[PDB]
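**Q** Sending over a structure as structure tokens; questions will come in a sec.
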Number of protein chains: 2
Amino acid sequence: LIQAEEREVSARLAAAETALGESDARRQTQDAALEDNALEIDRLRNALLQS
Amino acid sequence: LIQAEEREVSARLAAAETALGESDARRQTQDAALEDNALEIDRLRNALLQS
């Protein structure tokens, strides 16, 4: 009966480990684009401003 | 001997909701700035072109 309660935990283990990495890694997939566009933005800043 | 591992993992999962959530809370802090870079491009485009 104590064993069964941990059967709930294994999913709580299974989900979180999935819920943890696959988003934090996902965030880096989002993270790079920020500076990617921002650096484009910075030249996009002075472009008119130099023109 | 069960109370050895069952306690820790239960506690180990006790972090999980704090583990996901603040990281989950981060994801909002992703999206807000996303448009700011995005929304400026057209103004950063047009101004180079309306000039």
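Chains: A, B, ... in order of the structure tokens. Residues: from 1 per chain. Ligands: from 1, in order shown.
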Please provide the set of residues having any atom within 12 Å of segment 32-36 of chain B, restricted to only C-alpha atoms, with same-chain residues fewer than 2 positions apart removed, written as an NGL selection string.

**A** (:A and (30-38 or 41)) or (:B and (25-30 or 38-44))

**Q** Once chain A is fitted to chain B on all Cα atoms paired one-to-one in order, how large is the remaining RMSD?

**A**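 It is 1.4 Å.
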
**Q** Residue 17 of chain A: which residues within 12 Å, counting only C-alpha atoms, same-chain residues fewer than 3 positions away excluded, as a list in words?

**A**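 Within the cut-off, the hits are residues 9, 10, 11, 12, 13, 14, 20, 21, 22, 23, 24 and 25 of chain A; 12, 13, 15, 16, 17, 19 and 20 of chain B.
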
**Q** Mind pulling up the distance from atom CA of residue 18 of chain A to atom CA of residue 1 of chain A?

**A**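 Taking atom CA of residue 1 of chain A and atom CA of residue 18 of chain A, their separation equals 26.4 Å.
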
**Q** What is the distance, in Å and to one decimal place, between atom CA of residue 51 of chain A and atom CA of residue 48 of chain B?

**A**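 It comes out at 7.5 Å.
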